[PDB]
């Protein structure tokens, strides 16, 4: 669980701060914060703690990973971000993509996810099929987030709140529509729509519904719906862990 973060060079650090700034401008301009978060999440979410494979190590650069069914459309984000790597080539893709996720959350008014640089680009994309299945239930969530990634139940519910940004695209996952009425605003609305039941014009996956059906997940969703501050804190925490799965372990 413990971390021993590398001190990157002053050149590297400067590249990071300059990247963050370009990312803010880009993401706000193009209104692509949700897709950037999905990029960061899918880059990180392949981690498997038993084998020490996968995780946020730049492999989404490889068109092979971009070809996984779970990752349909991330090739747009990868292309979108390439001019940032071109201006700051010292940065690793792994850092670049995780930073873009952190910036995505910030630009939409979300909490400040700390960021520690130094991730190295690994050569080997992990095996496809580790990211969650939207049709499966609470026990699948714990398989992917817990047994694989190594995150907690609280993490599962908080991270699901990321669907407060963006929407499904038929051509990408086969689902359609947003979870909230403000897909460019990072807030706790996702839990409130969930707890409100299905309604016209808003998407809920079965993976979302599994939060209202489990004794641990449901109180957490209730708590996040009532108290955006506690949602922000727990999301900040989980997103930080997610972004550093397998990285700089002590």
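Residue numbers count along the first chain shown, from 1.
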Checklist entry - Which has higher Cα B-factors on average according to the PDB entry: 63-71 or 212-220? => result 63-71
Item to check | Of 181-189 and 46-54, the one with larger mean CA B-factor | outcome: 46-54
Item to check | Selection from 99, 107, 159, 81 [criterion: highest C-alpha temperature factor in the record] | outcome: 81
Checklist outcome for this item: The residue of 139, 155, 112, 86 with the maximal C-alpha B-factor according to the PDB record is 86
Item to check | Chain-wide C-alpha B factor ranking for residue 206, given as lowest, middle or highest third | outcome: middle
Checklist outcome for this item: Here the Cα B-factor of residue 16, set against its chain, lands in the third termed lowest
Checklist entry - Sorting the chain's CA B-factors, does residue 173 end up in the lowest, middle or highest third? => result middle
Checklist entry - Hey, what third does residue 23 fall into on Cα B-factor, ranked over its chain? => result lowest
Checklist entry - Looking at the C-alpha B-factor of residue 131, is it in the lowest, middle or highest third of its chain? => result highest
